[PDB]
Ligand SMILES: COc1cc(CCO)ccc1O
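Listed next as structure tokens is one chain, alone, in the form solved without the ligand.
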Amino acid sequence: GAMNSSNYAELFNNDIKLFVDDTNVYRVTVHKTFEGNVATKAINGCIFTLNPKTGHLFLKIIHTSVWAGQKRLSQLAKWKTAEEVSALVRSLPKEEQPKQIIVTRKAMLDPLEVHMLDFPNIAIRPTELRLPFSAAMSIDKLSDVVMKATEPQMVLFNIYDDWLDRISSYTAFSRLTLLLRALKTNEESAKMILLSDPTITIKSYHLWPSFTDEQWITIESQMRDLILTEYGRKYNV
């Protein structure tokens, strides 16, 4: 029906919804060979599956061994993503299974719909929302667990830490996407903003620093300014 405001607010209704982002599933470095050619080497990746209401992140680590001896890896990655998401849903009790799965790239729709035929009441769809989940691997603790894996692995995080003790799920999602858009736009400067004060620490069981309410306001301001500064630099505004 399209009130951005109603679609955005409605993400946080009590229907269970998962975002699926596959942009870090198939990852490579690009390096020159001895014969003067150029070669890719795959590195571990991950599926990012997030419940935006609760912050629960199902991080399926994609180990490089799954590509071995396969062809057309960009295509296969979509199907592998769909296979794992389907498996995740089947592993959940019925009352925890999503009513909608929202893929951040339209190319995921057919693979997931085909792997989800056993769940005809689960809606699969894309979104007009530009989301910055490709920057998930800028989160140091996520990147560390992906890069250290020697085998396929599923790791559960709460990407909102303890924020829901104090703000809503639409506010936490807004904070999350602001942080990730800043890390995508200027990663090293975004990390500086977050780590500049050594007396504010990241708890062992958290991803982000233990900012007070007023410090988060300040941090959010500095991220907005980071994004706006980069816009101006890019477009000569």
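When you see a residue number, it is the position in the sequence shown, counting from 1. We call the rigid core the largest set of C-alpha positions that still match within 1.5 Å between the two forms.
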| said: Using the rigid core for superposition, please say which stretch has the greater CA deviation in 9 other deposited structures of this protein, 202-210 or 33-41. | reply: 33-41
| said: Which of the two stretches, 177-185 versus 23-31, has its Cα atoms farther on average from this form in 9 other deposited structures of this protein when everything is superposed by the rigid core? | reply: 23-31
| Which of 179-187 and 26-34 has higher mean CA B factor, as the PDB entry lists it | 26-34
| query | Looking at the entry, does 197-205 or 59-67 show the higher mean C-alpha B-factor? | reply | 197-205
| note | Listed options 96, 113, 83, 118: highest C-alpha B factor recorded at 118
| Chain third (lowest, middle, highest) by recorded CA B-factor, residue given as residue 48 | lowest
| note | Chain thirds by Cα B factor, record data; residue 74 belongs to the highest
| Chain-wide C-alpha B factor ranking for residue 40, given as lowest, middle or highest third | highest
| query | By its CA B factor, does residue 13 count among the lowest, middle or highest third of the modelled residues in the chain? | reply | highest
| said: Among the modelled residues of this chain, does the Cα B factor of residue 136 put it in the lowest, middle or highest third? | reply: lowest
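The form solved in complex with the ligand is left out here; the points below concern that form.
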| remark: The one residue among 147, 92, 109, 123 placing a heavy atom within 4.5 Å of the ligand in the deposited bound form is 92
| So in the deposited bound form, does residue 134 come within 4.5 Å of the ligand, heavy atom to heavy atom? | no
| Members of 144-173 lying within 4.5 angstroms of the ligand, judged by heavy atom, in the deposited bound form | 156, 157, 158
